[PDB]
Amino acid sequence: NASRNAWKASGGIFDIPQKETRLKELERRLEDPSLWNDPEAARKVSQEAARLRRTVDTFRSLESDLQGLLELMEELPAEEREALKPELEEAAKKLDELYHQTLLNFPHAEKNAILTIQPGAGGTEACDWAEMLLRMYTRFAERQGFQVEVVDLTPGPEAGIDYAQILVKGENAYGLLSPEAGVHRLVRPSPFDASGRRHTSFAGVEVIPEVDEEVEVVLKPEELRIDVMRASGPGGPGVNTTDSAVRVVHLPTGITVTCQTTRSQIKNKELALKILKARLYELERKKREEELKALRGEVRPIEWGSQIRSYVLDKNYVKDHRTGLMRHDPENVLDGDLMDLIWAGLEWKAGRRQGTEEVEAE
Amino acid sequence: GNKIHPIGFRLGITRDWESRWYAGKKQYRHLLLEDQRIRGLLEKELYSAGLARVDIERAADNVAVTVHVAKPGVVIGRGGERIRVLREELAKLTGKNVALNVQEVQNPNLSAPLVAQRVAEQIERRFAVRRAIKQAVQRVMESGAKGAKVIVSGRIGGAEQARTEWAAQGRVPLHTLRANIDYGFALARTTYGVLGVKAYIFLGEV
Amino acid sequence: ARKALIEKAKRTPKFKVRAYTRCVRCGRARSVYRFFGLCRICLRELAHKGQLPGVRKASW
RNA sequence: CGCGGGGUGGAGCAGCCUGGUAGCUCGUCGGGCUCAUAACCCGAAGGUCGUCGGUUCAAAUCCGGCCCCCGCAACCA
RNA sequence: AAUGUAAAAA
RNA sequence: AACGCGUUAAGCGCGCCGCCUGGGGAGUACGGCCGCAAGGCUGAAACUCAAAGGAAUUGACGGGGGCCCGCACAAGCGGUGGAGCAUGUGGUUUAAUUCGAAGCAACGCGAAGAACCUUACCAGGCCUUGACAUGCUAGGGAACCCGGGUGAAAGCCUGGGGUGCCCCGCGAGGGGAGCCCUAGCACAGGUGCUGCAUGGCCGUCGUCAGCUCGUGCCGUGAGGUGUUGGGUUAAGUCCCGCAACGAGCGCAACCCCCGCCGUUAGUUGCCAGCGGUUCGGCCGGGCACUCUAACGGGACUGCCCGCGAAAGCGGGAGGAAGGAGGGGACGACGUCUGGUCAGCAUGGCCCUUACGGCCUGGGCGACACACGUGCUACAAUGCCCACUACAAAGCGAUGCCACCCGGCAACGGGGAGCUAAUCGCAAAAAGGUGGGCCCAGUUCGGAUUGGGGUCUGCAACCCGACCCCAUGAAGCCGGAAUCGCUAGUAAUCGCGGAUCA
Ligand SMILES: [Mg+2]
Ligand SMILES: [Mg+2]
Ligand SMILES: [Mg+2]
Ligand SMILES: [Mg+2]
Ligand SMILES: [Mg+2]
Ligand SMILES: [Mg+2]
Ligand SMILES: [Mg+2]
Ligand SMILES: [Mg+2]
Ligand SMILES: [Mg+2]
Ligand SMILES: [Mg+2]
Ligand SMILES: [Mg+2]
Ligand SMILES: [Mg+2]
Ligand SMILES: [Mg+2]
Ligand SMILES: [Mg+2]
Ligand SMILES: [Mg+2]
Ligand SMILES: [Mg+2]
Ligand SMILES: [Mg+2]
Ligand SMILES: [Mg+2]
Ligand SMILES: [Mg+2]
Ligand SMILES: [Mg+2]
Ligand SMILES: [Mg+2]
Ligand SMILES: [Mg+2]
Ligand SMILES: [Mg+2]
Ligand SMILES: [Mg+2]
Ligand SMILES: [Mg+2]
Ligand SMILES: [Mg+2]
Ligand SMILES: [Mg+2]
Ligand SMILES: [Mg+2]
Ligand SMILES: [Mg+2]
Ligand SMILES: [Mg+2]
Ligand SMILES: [Mg+2]
Ligand SMILES: [Mg+2]
Ligand SMILES: [Mg+2]
Ligand SMILES: [Mg+2]
Ligand SMILES: [Mg+2]
Ligand SMILES: [Mg+2]
Ligand SMILES: [Mg+2]
Ligand SMILES: [Mg+2]
Ligand SMILES: [Mg+2]
Ligand SMILES: [Mg+2]
Ligand SMILES: [Mg+2]
Ligand SMILES: [Mg+2]
Ligand SMILES: [Mg+2]
Ligand SMILES: [Mg+2]
Ligand SMILES: [Mg+2]
Ligand SMILES: [Mg+2]
Ligand SMILES: [Mg+2]
Ligand SMILES: [Mg+2]
Ligand SMILES: [Mg+2]
Ligand SMILES: [Mg+2]
Ligand SMILES: [Mg+2]
Ligand SMILES: [Mg+2]
Ligand SMILES: [Mg+2]
Ligand SMILES: [Mg+2]
Ligand SMILES: [Mg+2]
Ligand SMILES: [Mg+2]
Ligand SMILES: [Mg+2]
Ligand SMILES: [Mg+2]
Ligand SMILES: [Mg+2]
Ligand SMILES: [Mg+2]
Ligand SMILES: [Mg+2]
Ligand SMILES: [Mg+2]
Ligand SMILES: [Mg+2]
Ligand SMILES: [Mg+2]
Ligand SMILES: [Mg+2]
Ligand SMILES: [Mg+2]
Ligand SMILES: [Mg+2]
Ligand SMILES: [Mg+2]
Ligand SMILES: [Mg+2]
Ligand SMILES: [Mg+2]
Ligand SMILES: [Mg+2]
Ligand SMILES: [Mg+2]
Ligand SMILES: [Mg+2]
Ligand SMILES: [Mg+2]
Ligand SMILES: [Mg+2]
Ligand SMILES: [Mg+2]
Ligand SMILES: [Mg+2]
Ligand SMILES: [Mg+2]
Ligand SMILES: [Mg+2]
Ligand SMILES: [Mg+2]
Ligand SMILES: [Mg+2]
Ligand SMILES: [Mg+2]
Ligand SMILES: [Mg+2]
Ligand SMILES: [Mg+2]
Ligand SMILES: [Mg+2]
Ligand SMILES: [Mg+2]
Ligand SMILES: [Mg+2]
Ligand SMILES: [Mg+2]
Ligand SMILES: [Mg+2]
Ligand SMILES: [Mg+2]
Ligand SMILES: [Mg+2]
Ligand SMILES: [Mg+2]
Ligand SMILES: [Mg+2]
Ligand SMILES: [Mg+2]
Ligand SMILES: [Mg+2]
Ligand SMILES: [Mg+2]
Ligand SMILES: [Mg+2]
Ligand SMILES: [Mg+2]
Ligand SMILES: [Mg+2]
Ligand SMILES: [Mg+2]
Ligand SMILES: [Mg+2]
Ligand SMILES: [Mg+2]
Ligand SMILES: [Mg+2]
Ligand SMILES: [Mg+2]
Ligand SMILES: [Mg+2]
Ligand SMILES: [Mg+2]
Ligand SMILES: [Mg+2]
Ligand SMILES: [Mg+2]
Ligand SMILES: [Mg+2]
Ligand SMILES: [Mg+2]
Ligand SMILES: [Mg+2]
Ligand SMILES: [Mg+2]
Ligand SMILES: [Mg+2]
Ligand SMILES: [Mg+2]
Ligand SMILES: [Mg+2]
Ligand SMILES: [Mg+2]
Ligand SMILES: [Mg+2]
Ligand SMILES: [Mg+2]
Ligand SMILES: [Mg+2]
Ligand SMILES: [Mg+2]
Ligand SMILES: [Mg+2]
Ligand SMILES: [Mg+2]
Ligand SMILES: [Mg+2]
Ligand SMILES: [Mg+2]
Ligand SMILES: [Mg+2]
Ligand SMILES: [Mg+2]
Ligand SMILES: [Mg+2]
Ligand SMILES: [Mg+2]
Ligand SMILES: [Mg+2]
Ligand SMILES: [Mg+2]
Ligand SMILES: [Zn+2]
């Protein structure tokens, strides 16, 4: 297990010098009496002190399992050297906590997730590749300990999928499948091509947890104003002296509506409200779109080069264009070996591009 | 696409068994294993002079290895120093009677197993493989012969895609038995991979 | 698992049945004749070289 | 709210009036012909009969309330 | 008695 | 430009008008003029492409044509698809179910021997120039043999025995070769990737008759001619003709088995021939015959007839065998970016207390399914039991085992013959004769399973095979569909060998 040591060790090492200088500018700010006088402004101050716990603990735990472990173990069959191995069996136990406490910090990492696959540039082979990816994440779920349900799926003309969607249950379902965003790339001699030469094919992937609803709470009586007024058109003296028309404007949203199709004020006041309900439902569905579709991807051309990870079956090599990381087993990776990818490199760069954005300028 | 080994095609005519003797339901396996590793040492520390064929004759502890170098000069040395030290190593790894004879070569340009090693030599030397084959054929045909043929297949000139280069002249009916055709294969270790060579010299008839 | 494996078939430092056939030239395990102690492949090469006395391309 | 109709395999429709066994087309699934897909051939699976009650030996079927969809009507001053 | 996309000639 | 034109110029000249100036946009838009209208005349650009085109050449292709071929179709027999089982694969499952093969040309294929071995996978215990090579430095120990502690084995830890061969010597001792061990360096090792880097070998259309070169002639040129054409054959086989003539790789032929026969050969064989006989070719005896494995002979459209220019074809006689007598070996220039880097070799790439090495146990034998290849049957042209006759080719001395004894039996014991035309595996089965069953899920059918038992091998839970008793399943001829075979063939019956305890 000496191949993942320096990876996890140095992983908690780059936070040492940076947080060292910042916590110093804060800890000395917590001294002067004039600081705490600020109401909630001072909470943001003592808050950063609540981080000197989830940083100094590694300065002690990770540093001790590096100074003591690396010593007595350089050479010996099983005497005092192999006996020092179980001494750090908890070093892999504690490795779990440092890894976890940097993934759940995502928006909704803890809850489940939905993953929709859809073919793209690459002809009918691309339509066939999508089913491969489906069968990849599917096995990756069971083997991760997750449950799976195909929420929807549609076979292609000759391939096997023009579209597919799969809800993965279990904790951190959105966390692990997060870096699976974007279009992947496939390279291999096309099984559908007569000359069988090497063709490229693409396919997009998306991930997102889940939400709820709120239909009636909107039509709170406190919000909208209701008006009464005589009706336009026929009626006799009854129409002139009896106001039955109604105008139910929604004050906040400003959207108004008027009705007077029936001789009655209540049945108009009633209808005019069922009408406002429909429009206010269609106004909540429009705003319900940006906050449930912008999370998918701010782009995703699915074209060429829009990919973030290529899988070449000719020369046998996958490659994450994000971490620059490489590999030599596309045949197994497209079966469940996503852990090696998501764990070390994927979640890293994923949180890195946002973790370097906040701790600098954003 | 087929083309069987003309040598094996004539183990009942033309070419006679390279190793020739007799064994039983218990000696054949051994008398072959050792017999083989014999030529193993000779293929190496003897080709340095153009070793073509190598016979074997036995019956009981007797062994008559008849080398056919193009130049016996290197196999003997100048009197008996070299040729003797061979029987040395031989009897060394084999507690049996040696008998290293040394037949000759009336003309190396007519031993296919030689011409093969010939062109194959020029290959590793890094020279043309179209011009080369042409010489080795025009030489074999000019140096008296009924027919001849040479072939090299693989990365001709270290090129990306493989290939196969053809060159031949005169009659060479591999389907006729009353033909006789010296055959000889040869490799060519290079910085870009192996590379097979073949020689088809048409000799006798009837 | 090719060289230390042909070596395994040689030492016979253990039980009877555990020893098994093996080719002399290559190291094959299946299709290895006892008569020559060779795999079907090389046997065909050698038999075309005449390096197997008495043997000849049969036909009837 | 009033009067009329409807809700049955995944889609669209029979069956109810005259209670006893739920049928048709499509799709789905297995197997064929084709280099392969479709077409075509051979098999197979699939229905709480909206829901809650009532009558009956027995309810898709008859009786009643409810939810849902459809159409009509909502006129005189 | 229809169809078969998109990376190969020193 | 070629196709073609050619006193009906697309020739050679003069006069005049009309018209073209890359494709798409586009005969569109705008404007103008005409029209009842539909629409016509005139007639752009932005933008965009690196081509759009003409004629001709080779080839591929056609629900184009002519000629011709192959169990390709038809005529005919027997099959799979159905059932149970074996096996190969898909898939699913698993700690792993190691890898490859993918229409024909992957699917009883690599595997001509997965219980550990094999074995490349998994779990676990372990070793770190290492199981194997070449070479440098070093201490110690000869080589080599032997046991105890430890354990699942591997490995680890440890004791006794031992004192050979060379240099200085009476000895002591010390220096050297070889081998093993520790330490260290160079290096090993990899069934780890890439058959879209390769050799080699192989499948493939296809045993199809075809594919080319030299010189010559035609064309500006790709290229054509030859190889086309009339006749024929299994064939680019031959015949004739031909602006071509000639040659090469392919079909043939030269090799093998099987048919008839002769010579060489007499431990195979035969009272065929006489004698003897424990009447078994056992003895005397002979090479006839059979057989045995060596060399030859014979068949070539040679002979008669009809047609024909010839080649050749049709019929007949003789012949064991007539136009290739039957079967095999042999498969062109090439095509499939075919197959295999896992048989081996190999360029590049990757790992190196490890992607290498050792063992014990597991898996490759997993099962809700699907396909391929196959075995056994549904029965009376049959099943069972007893008796009786006829093969070929093969294999066997730590191997095949006659013969007698025990046992229901597989097997166990005693024990003869045999480096084998001399002895054994060895009843060949179907068939012949006899006898019973009498149309029944049955004496058909033996899947399944309970119990008992034999053999191999350290070891049969996972996971072998065989024997005996008992239990006897699906299956009454198989949906759509699909396979093989033209003669000693299909069908059917049994025997052998490789692989290997
Ligand atoms: Mg309020
Ligand atoms: Mg108004
Ligand atoms: Mg009115
Ligand atoms: Mg009024
Ligand atoms: Mg009023
Ligand atoms: Mg009022
Ligand atoms: Mg070759
Ligand atoms: Mg060429
Ligand atoms: Mg010539
Ligand atoms: Mg090389
Ligand atoms: Mg090895
Ligand atoms: Mg074995
Ligand atoms: Mg419905
Ligand atoms: Mg009725
Ligand atoms: Mg009725
Ligand atoms: Mg249907
Ligand atoms: Mg179907
Ligand atoms: Mg079917
Ligand atoms: Mg059916
Ligand atoms: Mg079904
Ligand atoms: Mg009801
Ligand atoms: Mg509705
Ligand atoms: Mg509605
Ligand atoms: Mg109305
Ligand atoms: Mg009214
Ligand atoms: Mg009114
Ligand atoms: Mg009125
Ligand atoms: Mg009125
Ligand atoms: Mg009135
Ligand atoms: Mg070039
Ligand atoms: Mg003319
Ligand atoms: Mg004229
Ligand atoms: Mg005139
Ligand atoms: Mg004229
Ligand atoms: Mg212009
Ligand atoms: Mg233009
Ligand atoms: Mg115009
Ligand atoms: Mg127009
Ligand atoms: Mg206009
Ligand atoms: Mg005008
Ligand atoms: Mg006008
Ligand atoms: Mg006018
Ligand atoms: Mg008009
Ligand atoms: Mg009109
Ligand atoms: Mg118009
Ligand atoms: Mg107009
Ligand atoms: Mg007009
Ligand atoms: Mg104008
Ligand atoms: Mg103009
Ligand atoms: Mg204009
Ligand atoms: Mg044209
Ligand atoms: Mg044609
Ligand atoms: Mg037609
Ligand atoms: Mg015609
Ligand atoms: Mg015609
Ligand atoms: Mg016609
Ligand atoms: Mg057929
Ligand atoms: Mg038929
Ligand atoms: Mg017929
Ligand atoms: Mg059947
Ligand atoms: Mg079946
Ligand atoms: Mg079946
Ligand atoms: Mg397999
Ligand atoms: Mg499955
Ligand atoms: Mg496992
Ligand atoms: Mg499997
Ligand atoms: Mg496989
Ligand atoms: Mg085995
Ligand atoms: Mg060593
Ligand atoms: Mg040395
Ligand atoms: Mg040194
Ligand atoms: Mg010593
Ligand atoms: Mg010692
Ligand atoms: Mg000593
Ligand atoms: Mg003990
Ligand atoms: Mg011990
Ligand atoms: Mg000595
Ligand atoms: Mg001395
Ligand atoms: Mg002394
Ligand atoms: Mg001493
Ligand atoms: Mg020494
Ligand atoms: Mg030494
Ligand atoms: Mg290797
Ligand atoms: Mg290939
Ligand atoms: Mg190759
Ligand atoms: Mg032919
Ligand atoms: Mg010319
Ligand atoms: Mg031709
Ligand atoms: Mg003809
Ligand atoms: Mg002529
Ligand atoms: Mg002529
Ligand atoms: Mg002969
Ligand atoms: Mg005579
Ligand atoms: Mg007599
Ligand atoms: Mg007589
Ligand atoms: Mg008598
Ligand atoms: Mg006698
Ligand atoms: Mg006598
Ligand atoms: Mg003779
Ligand atoms: Mg003849
Ligand atoms: Mg004649
Ligand atoms: Mg004649
Ligand atoms: Mg006459
Ligand atoms: Mg003539
Ligand atoms: Mg004549
Ligand atoms: Mg004549
Ligand atoms: Mg005739
Ligand atoms: Mg034949
Ligand atoms: Mg031939
Ligand atoms: Mg299952
Ligand atoms: Mg299938
Ligand atoms: Mg009997
Ligand atoms: Mg008997
Ligand atoms: Mg007999
Ligand atoms: Mg034998
Ligand atoms: Mg033996
Ligand atoms: Mg006895
Ligand atoms: Mg017994
Ligand atoms: Mg016994
Ligand atoms: Mg006895
Ligand atoms: Mg004896
Ligand atoms: Mg004998
Ligand atoms: Mg004998
Ligand atoms: Mg016998
Ligand atoms: Mg019955
Ligand atoms: Mg009966
Ligand atoms: Mg045991
Ligand atoms: Mg049945
Ligand atoms: Mg079929
Ligand atoms: Mg036939
Ligand atoms: Zn081999």
# chains A, B, ... in the order shown; residues from 1 in each chain; ligands from 1
call {"tool": "residues_near_ligand", "arguments": {"ligand": "ligand 106", "cutoff": "12 Å", "atoms": "only C-alpha atoms (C1' of nucleotides) and all ligand atoms", "output": "count of residues only"}}
result
6
call {"tool": "interface_residues", "arguments": {"of": "chain C", "to": "chain F", "cutoff": "8 Å", "atoms": "only C-alpha atoms (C1' of nucleotides)", "output": "PyMOL selection string"}}
result
chain C and resi 1-4+7-8+15+17-20+26-31+33+41+57-60
call {"tool": "interface_residues", "arguments": {"of": "chain F", "to": "chain B", "cutoff": "6 Å", "atoms": "only C-alpha atoms (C1' of nucleotides)", "output": "PDB file with N, CA and C atoms (P, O5', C5', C4', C3', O3' and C1' of nucleotides), in the first residue's frame"}}
result
ATOM      1  P     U F 198       2.584  -3.599 -39.081  1.00  0.00           P
ATOM      2  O5'   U F 198       3.921  -4.445 -38.907  1.00  0.00           O
ATOM      3  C5'   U F 198       3.924  -5.853 -39.106  1.00  0.00           C
ATOM      4  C4'   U F 198       5.298  -6.450 -38.898  1.00  0.00           C
ATOM      5  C3'   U F 198       5.412  -7.949 -39.137  1.00  0.00           C
ATOM      6  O3'   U F 198       5.576  -8.275 -40.505  1.00  0.00           O
ATOM      7  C1'   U F 198       6.431  -7.404 -37.077  1.00  0.00           C
ATOM      8  P     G F 199       5.130  -9.716 -41.050  1.00  0.00           P
ATOM      9  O5'   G F 199       6.337 -10.660 -40.593  1.00  0.00           O
ATOM     10  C5'   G F 199       7.660 -10.453 -41.078  1.00  0.00           C
ATOM     11  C4'   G F 199       8.638 -11.453 -40.494  1.00  0.00           C
ATOM     12  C3'   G F 199       8.358 -12.922 -40.789  1.00  0.00           C
ATOM     13  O3'   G F 199       8.832 -13.331 -42.064  1.00  0.00           O
ATOM     14  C1'   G F 199       8.828 -12.649 -38.484  1.00  0.00           C
ATOM     15  P     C F 254       2.132 -39.213 -62.303  1.00  0.00           P
ATOM     16  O5'   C F 254       3.647 -38.979 -61.875  1.00  0.00           O
ATOM     17  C5'   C F 254       4.715 -39.522 -62.638  1.00  0.00           C
ATOM     18  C4'   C F 254       6.042 -38.928 -62.234  1.00  0.00           C
ATOM     19  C3'   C F 254       6.400 -39.035 -60.757  1.00  0.00           C
ATOM     20  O3'   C F 254       6.980 -40.288 -60.422  1.00  0.00           O
ATOM     21  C1'   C F 254       6.764 -36.815 -61.510  1.00  0.00           C
ATOM     22  P     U F 346      13.894 -12.703 -29.029  1.00  0.00           P
ATOM     23  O5'   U F 346      13.213 -11.500 -29.824  1.00  0.00           O
ATOM     24  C5'   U F 346      13.725 -11.077 -31.082  1.00  0.00           C
ATOM     25  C4'   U F 346      12.801 -10.096 -31.773  1.00  0.00           C
ATOM     26  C3'   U F 346      12.493  -8.810 -31.023  1.00  0.00           C
ATOM     27  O3'   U F 346      13.538  -7.857 -31.091  1.00  0.00           O
ATOM     28  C1'   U F 346      10.496  -9.693 -31.900  1.00  0.00           C
ATOM     29  P     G F 347      13.726  -6.787 -29.906  1.00  0.00           P
ATOM     30  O5'   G F 347      13.039  -5.477 -30.499  1.00  0.00           O
ATOM     31  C5'   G F 347      13.600  -4.803 -31.618  1.00  0.00           C
ATOM     32  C4'   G F 347      12.763  -3.615 -32.039  1.00  0.00           C
ATOM     33  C3'   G F 347      12.337  -2.662 -30.932  1.00  0.00           C
ATOM     34  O3'   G F 347      13.358  -1.754 -30.558  1.00  0.00           O
ATOM     35  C1'   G F 347      10.484  -3.139 -32.318  1.00  0.00           C
TER      36        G F 347
END
call {"tool": "interface_residues", "arguments": {"of": "chain E", "to": "chain A", "cutoff": "6 Å", "atoms": "only C-alpha atoms (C1' of nucleotides)", "output": "ChimeraX atom specification"}}
result
/E:5-7
call {"tool": "write_last_selection", "arguments": {"atoms": "N, CA and C atoms (P, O5', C5', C4', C3', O3' and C1' of nucleotides)", "output": "PDB file, in the first residue's frame"}}
result
ATOM      1  P     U E   5     -22.710   3.856 -43.786  1.00  0.00           P
ATOM      2  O5'   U E   5     -22.236   5.311 -43.341  1.00  0.00           O
ATOM      3  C5'   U E   5     -22.761   6.468 -43.977  1.00  0.00           C
ATOM      4  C4'   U E   5     -23.095   7.559 -42.986  1.00  0.00           C
ATOM      5  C3'   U E   5     -21.915   8.226 -42.301  1.00  0.00           C
ATOM      6  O3'   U E   5     -21.287   9.199 -43.114  1.00  0.00           O
ATOM      7  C1'   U E   5     -23.581   7.723 -40.702  1.00  0.00           C
ATOM      8  P     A E   6     -19.796   8.957 -43.652  1.00  0.00           P
ATOM      9  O5'   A E   6     -18.899   9.496 -42.453  1.00  0.00           O
ATOM     10  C5'   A E   6     -19.064  10.816 -41.958  1.00  0.00           C
ATOM     11  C4'   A E   6     -18.540  10.948 -40.552  1.00  0.00           C
ATOM     12  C3'   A E   6     -17.167  10.351 -40.297  1.00  0.00           C
ATOM     13  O3'   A E   6     -16.107  11.192 -40.719  1.00  0.00           O
ATOM     14  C1'   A E   6     -18.642   9.646 -38.603  1.00  0.00           C
ATOM     15  P     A E   7     -15.107  10.710 -41.886  1.00  0.00           P
ATOM     16  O5'   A E   7     -14.196   9.632 -41.150  1.00  0.00           O
ATOM     17  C5'   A E   7     -13.322  10.012 -40.094  1.00  0.00           C
ATOM     18  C4'   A E   7     -11.892   9.630 -40.389  1.00  0.00           C
ATOM     19  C3'   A E   7     -11.668   8.157 -40.714  1.00  0.00           C
ATOM     20  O3'   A E   7     -10.553   8.036 -41.596  1.00  0.00           O
ATOM     21  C1'   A E   7     -10.467   8.714 -38.767  1.00  0.00           C
TER      22        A E   7
END
call {"tool": "interface_residues", "arguments": {"of": "chain F", "to": "chain A", "cutoff": "9 Å", "atoms": "only C-alpha atoms (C1' of nucleotides)", "output": "PDB file with N, CA and C atoms (P, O5', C5', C4', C3', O3' and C1' of nucleotides), in the first residue's frame"}}
result
ATOM      1  P     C F 126       3.323 -14.590   7.480  1.00  0.00           P
ATOM      2  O5'   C F 126       3.986 -14.812   6.049  1.00  0.00           O
ATOM      3  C5'   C F 126       5.353 -14.505   5.817  1.00  0.00           C
ATOM      4  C4'   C F 126       5.995 -15.519   4.906  1.00  0.00           C
ATOM      5  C3'   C F 126       7.211 -15.041   4.126  1.00  0.00           C
ATOM      6  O3'   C F 126       8.409 -15.075   4.882  1.00  0.00           O
ATOM      7  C1'   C F 126       5.723 -16.121   2.656  1.00  0.00           C
ATOM      8  P     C F 193      -1.370  -8.672 -21.659  1.00  0.00           P
ATOM      9  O5'   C F 193      -1.206  -7.164 -22.148  1.00  0.00           O
ATOM     10  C5'   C F 193      -2.093  -6.148 -21.699  1.00  0.00           C
ATOM     11  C4'   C F 193      -1.934  -4.877 -22.499  1.00  0.00           C
ATOM     12  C3'   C F 193      -1.948  -5.038 -24.014  1.00  0.00           C
ATOM     13  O3'   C F 193      -3.260  -5.079 -24.545  1.00  0.00           O
ATOM     14  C1'   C F 193      -0.113  -3.682 -23.370  1.00  0.00           C
ATOM     15  P     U F 194      -3.578  -5.939 -25.864  1.00  0.00           P
ATOM     16  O5'   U F 194      -2.843  -5.112 -27.010  1.00  0.00           O
ATOM     17  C5'   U F 194      -3.373  -3.878 -27.465  1.00  0.00           C
ATOM     18  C4'   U F 194      -2.365  -3.097 -28.271  1.00  0.00           C
ATOM     19  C3'   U F 194      -1.852  -3.768 -29.535  1.00  0.00           C
ATOM     20  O3'   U F 194      -2.747  -3.647 -30.628  1.00  0.00           O
ATOM     21  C1'   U F 194      -0.032  -2.865 -28.318  1.00  0.00           C
ATOM     22  P     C F 196      -3.701  -6.658 -37.338  1.00  0.00           P
ATOM     23  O5'   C F 196      -3.847  -5.078 -37.249  1.00  0.00           O
ATOM     24  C5'   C F 196      -3.783  -4.414 -35.992  1.00  0.00           C
ATOM     25  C4'   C F 196      -2.769  -3.299 -36.000  1.00  0.00           C
ATOM     26  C3'   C F 196      -2.608  -2.564 -34.670  1.00  0.00           C
ATOM     27  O3'   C F 196      -1.269  -2.083 -34.554  1.00  0.00           O
ATOM     28  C1'   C F 196      -3.345  -1.047 -36.315  1.00  0.00           C
ATOM     29  P     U F 337     -10.497  -6.053 -43.793  1.00  0.00           P
ATOM     30  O5'   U F 337      -8.913  -6.100 -43.905  1.00  0.00           O
ATOM     31  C5'   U F 337      -8.152  -4.901 -43.890  1.00  0.00           C
ATOM     32  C4'   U F 337      -6.875  -5.054 -43.102  1.00  0.00           C
ATOM     33  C3'   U F 337      -7.050  -5.530 -41.662  1.00  0.00           C
ATOM     34  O3'   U F 337      -5.907  -6.290 -41.271  1.00  0.00           O
ATOM     35  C1'   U F 337      -6.085  -3.371 -41.670  1.00  0.00           C
ATOM     36  P     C F 350       7.700   3.363 -20.844  1.00  0.00           P
ATOM     37  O5'   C F 350       6.952   2.473 -19.757  1.00  0.00           O
ATOM     38  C5'   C F 350       5.635   2.796 -19.338  1.00  0.00           C
ATOM     39  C4'   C F 350       4.979   1.637 -18.632  1.00  0.00           C
ATOM     40  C3'   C F 350       5.728   1.075 -17.435  1.00  0.00           C
ATOM     41  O3'   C F 350       5.532   1.839 -16.258  1.00  0.00           O
ATOM     42  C1'   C F 350       4.991  -0.697 -18.816  1.00  0.00           C
TER      43        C F 350
END
call {"tool": "closest_atom_pairs", "arguments": {"of": "chain A", "to": "ligand 4", "cutoff": "8 Å", "atoms": "only C-alpha atoms and all ligand atoms", "output": "JSON lines"}}
result
{"residue": "A:234", "atom": "CA", "partner": "ligand 4", "partner_atom_place_in_ligand_line": "1 (Mg)", "distance": 4.8}
{"residue": "A:235", "atom": "CA", "partner": "ligand 4", "partner_atom_place_in_ligand_line": "1 (Mg)", "distance": 4.2}
{"residue": "A:236", "atom": "CA", "partner": "ligand 4", "partner_atom_place_in_ligand_line": "1 (Mg)", "distance": 3.2}
{"residue": "A:237", "atom": "CA", "partner": "ligand 4", "partner_atom_place_in_ligand_line": "1 (Mg)", "distance": 6.7}
{"residue": "A:239", "atom": "CA", "partner": "ligand 4", "partner_atom_place_in_ligand_line": "1 (Mg)", "distance": 7.6}
call {"tool": "select_by_dssp", "arguments": {"residues": "range 158-285 of chain A", "states": "strand (DSSP E)", "output": "number ranges by chain"}}
result
A: 163-168, 183-189, 198-208, 224-229, 245-250, 258-259
call {"tool": "select_by_dssp", "arguments": {"residues": "range 71-313 of chain A", "states": "helix (DSSP H, G or I)", "output": "PyMOL selection string"}}
result
chain A and resi 82-84+86-100+123-142+173-176+178-180+237-241+265-290
